[PDB]
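S.K.: Please see the structure below; I have some questions.
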Amino acid sequence: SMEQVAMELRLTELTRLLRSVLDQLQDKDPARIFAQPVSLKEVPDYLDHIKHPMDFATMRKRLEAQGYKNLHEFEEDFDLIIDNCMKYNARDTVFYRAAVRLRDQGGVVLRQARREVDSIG
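Using the authors' numbering, the letters of the sequence shown map in sequence onto residues 22 to 142.
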């Protein structure tokens with residue numbers, strides 16, 4: 022149908038905007054601490070601690086398959102990155118501190134993303 026096409030064009034455009042959001046959030050991680058999945062070879066107990074691992078490469082795969090239907094779903098995944106780290110790692114670690122800074126800096130990007138998603142529809 023023509024309606025299915027219109028819906029698909031909207032999804033494509035959301036995917037465009039979320040790709041720009043993702044790039045901006047990932048720039049707030051210049052140490053690349055959140056770039057890839059935590060290695061189960063190097064942290065063999067990780068899944069005993071963290072039930073839903075997440076990272077920027079995994080988000081990118083979902084994004085490029087157009088697997089985010091709305092901004093809420095994308096934000097859920099970004100929040101998993103932060104929250105998983107702040108639980109597994111102690112306050113006095115470079116990892117925890119990186120997550121706090123990513124959360125704080127990302128907030129600004131996400132605030133305007135929500136306005137743009139609503140505004141453009």
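Backbone N, C-alpha and C define an ideal beta-carbon position, used for all residues, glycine too.
Less than 9 Å between the beta carbons of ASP44 and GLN57, yes or no?
M.R.: No, the Cβ-Cβ distance between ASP44 and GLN57 is not below 9 Å.
S.K.: Within 10 angstroms of its Cβ, does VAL42 collect 16 or more other Cβ (buried), or is it exposed?
M.R.: Counting Cβ neighbours within 10 Å, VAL42 comes out buried, since at least 16 surround it.
S.K.: Mapping DSSP to helix, strand and coil, what is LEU61?
M.R.: If DSSP states are grouped into helix, strand and coil, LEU61 belongs with coil.
S.K.: On the DSSP letters alone, give me the boundaries of the alpha helix (DSSP H) that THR36 sits inside.
M.R.: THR36 -> alpha helix (DSSP H) spans 23-48.
S.K.: On the DSSP letters alone, give me the boundaries of the alpha helix (DSSP H) that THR114 sits inside.
M.R.: No alpha helix (DSSP H) holds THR114; DSSP gives it neither H nor E.
S.K.: Give me, in chain order, the residues of the same chain whose beta-carbon lies closer than 7 Å to that of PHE55; leave out the 5 immediate sequence neighbours on both sides.
M.R.: Hits under 7 Å: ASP76, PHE77, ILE102 and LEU123.
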